[PDB]
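Take a look at the structure below.
In what follows, every heavy atom counts, from backbone to side chain, and hydrogens, waters and symmetry copies are set aside. Counting begins at 1 with the first residue of the sequence.
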Amino acid sequence: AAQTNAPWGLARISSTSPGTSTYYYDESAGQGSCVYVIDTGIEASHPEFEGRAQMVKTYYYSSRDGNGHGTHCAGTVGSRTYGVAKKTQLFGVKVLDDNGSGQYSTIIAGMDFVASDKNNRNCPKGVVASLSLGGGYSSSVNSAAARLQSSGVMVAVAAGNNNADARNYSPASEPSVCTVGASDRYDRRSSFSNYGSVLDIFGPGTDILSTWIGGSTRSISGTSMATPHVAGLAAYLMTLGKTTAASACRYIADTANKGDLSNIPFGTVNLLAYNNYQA
Ligand code: NA
Ligand code: NA
């Protein structure tokens with residue numbers, strides 16, 4: 001299958017070189033897999049989700065996405081036009097309020113909820129969790145991301161947006177999950193992207209077109225936009241039977257585009273997420 005005039009990020013994860021416009025992907029498209037988006041929620045009713053998204057849990061007064069962030073990240077995972085895995089099942093967990101903020105105890109509660117809730121859903125190809133959030137080091141936030149991963153969910157987290165070593169941010173600094181840096185359309189590290197030894201992989205994160213609230217779309221930048229490229233790719237490869245939740249991050253790093261990125265400081269991986277599609 002091919003999507004012509006795809007957003008640059010989709011095109012980039014199906015190509016060995018930058019500057020193409022076509023997203024080459026197997027027509028299976030993540031059917032049978034589930035991705036939990038733990039964020040500000042999802043506008044489930046966006047025509048771009050085709051009825052494949054629903055809210056399962058909120059920690060606030062409403063389940064509605066009043067922000068747009070969560071809907072953007074959900075769109076890059078599995079919307080029709082803007083998504084990596086175009087036939088995946090999207091579940092929204094709202095741990096962030098409509099200003100994009102949330103206490104660590106609510107974020108911990110949300111990860112433990114997904115570890116339980118996956119057991120009463122139909123996801124034969126497997127479960128991904130996408131966390132486009134973080135702040136300063138907490139051993140509790142890390143420990144909870146480790147519990148979600150250990151329970152059999154592929155966990156993708158944002159490296160963070162401070163142009164700093166990700167080692168001082170959670171859940172970014174938790175070794176056992178998949179920590180995602182951001183690249184731009186010329187194969188440069190996004191100027192805001194965290195780096196360091198703890199990073200596993202880079203995705204597209206600068207000028208990413210995806211879904212937004214009120215049935216709209218817009219372009220935003222961040223490791224928040226890169227993370228769902230990787231969660232999507234993991235759901236996609238799990239549907240193909242090429243890897244499992246336990247080892248998807250390591251399989252994505254093995255099969256990645258090597259050495260193509262610039263402004264990668266010594267000690268950080270030069271690995272860019274790639275689906276390895278052959279028609
Ligand atoms: Na290359
Ligand atoms: Na890791």
Side-chain angles (χ1 to χ4, degrees), residues 9 34-46 48-49 52-79 82-85 88-115 117-118 127-135 141 144-145 148-149 153-161 169-172 174 177-180 182 203-205 208-214 216-232 234-235:
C34 302
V35 187
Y36 288 81
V37 188
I38 308 167
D39 212 289
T40 65
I42 313 179
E43 189 168 273
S45 80
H46 201 303
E48 276 287 334
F49 295 125
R52 282 181 299 91
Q54 70 194 285
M55 289 301 299
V56 297
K57 183 74 194 184
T58 187
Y59 289 93
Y60 305 92
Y61 317 93
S62 164
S63 62
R64 165 165 174 280
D65 183 12
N67 189 280
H69 189 259
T71 307
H72 194 280
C73 292
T76 293
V77 176
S79 68
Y82 310 104
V84 172
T88 195
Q89 179 72 52
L90 293 154
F91 300 123
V93 180
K94 184 171 168 54
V95 297
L96 297 186
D97 65 23
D98 298 328
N99 294 311
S101 47
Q103 298 299 276
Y104 273 164
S105 67
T106 294
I107 291 164
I108 291 170
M111 289 191 256
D112 289 325
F113 169 82
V114 178
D117 180 82
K118 65 156 210 285
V127 192
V128 187
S130 190
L131 290 74
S132 298
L133 59 74
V141 174
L148 184 57
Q149 175 73 31
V153 172
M154 197 278 184
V155 176
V157 311
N161 302 312
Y169 303 93
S170 297
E174 173 55 39
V177 296
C178 207
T179 303
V180 185
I208 308 304
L209 185 52
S210 182
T211 43
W212 200 258
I213 64 187
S216 54
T217 68
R218 68 176 59 181
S219 221
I220 51 164
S221 286
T223 59
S224 277
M225 286 66 259
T227 304
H229 282 88
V230 167

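- A 4.5 Å side-chain heavy-atom check between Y60 and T106 finds at least one atom pair inside the cut-off.
- Taking the side chain as every heavy atom from C-beta outward, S210 and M225 never approach each other to under 4.5 Å.
- The minimum heavy-atom distance linking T88 with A235 is given by the pair OG1-CB, 4.3 Å.
- The two atoms that bring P171 and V157 nearest to each other are CG-CG1, 3.7 Å, heavy atoms only.
- Under the side-chain contact (heavy atoms from CB on, under 4.5 Å) criterion, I108 pairs with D112, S140, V141, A144, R147, sequence neighbours left out.
- Within the model, atoms CD1 of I42 and CD1 of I213 stand 13.0 Å from one another, a figure rounded to the nearest 0.5 Å.
- Rounded to the nearest 0.5 Å, atoms OH (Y36) and CE (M111) are 15.0 Å apart.
- Closest non-hydrogen pair, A115 versus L148, comes out as N-CD1, 3.6 Å.
- Residues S224 and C73 share a closest heavy-atom pair of O-SG, 3.3 Å.
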side-chain contact (heavy atoms from CB on, under 4.5 Å) evaluation trace for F113 with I38: CA-CA 10 Å; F113 169 82; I38 308 167; over 6 Å; no
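- The shortest distance between side-chain heavy atoms of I208 and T76 falls below 4.5 Å.
- Applying the side-chain contact (heavy atoms from CB on, under 4.5 Å) test to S62 and every residue at least two apart in sequence or in another chain returns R64.
- Within the 4.5 Å cutoff, side-chain heavy atoms of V56 are placed close to those of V93.
- The two atoms that bring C178 and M154 nearest to each other are CB-CE, 3.7 Å, heavy atoms only.
- Inspection of the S79 and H46 side chains reveals no N or O donor paired with an N or O acceptor under 3.5 Å.
- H69 contributes atom NE2, which lies 5.5 Å from atom OG of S132 (distance to the nearest 0.5 angstrom).
- Considering all non-hydrogen atoms of both residues, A231 and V35 come closest at CB-CG1, 4.3 Å.
- Contact annotation: the side chain of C34 never approaches that of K118 to less than 4.5 Å [non-hydrogen atoms, C-beta and beyond].
- Atom NE2 of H229 and atom OG of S130 lie 11.0 Å apart (nearest 0.5 Å).
- With rounding to the nearest 0.5 angstrom, the OG1 atom of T71 is 6.0 Å from the CZ atom of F49.
- Taking the six-membered ring where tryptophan is involved, the planes of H72 and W212 are perpendicular, since the angle between them exceeds 60° and thus also 30°.
- Within the 4.5 Å cutoff, no side-chain heavy atoms of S170 are placed close to those of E174.
- Once rounded to the nearest 0.5 Å, the distance linking CG of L131 with CD1 of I107 reads 8.5 Å.
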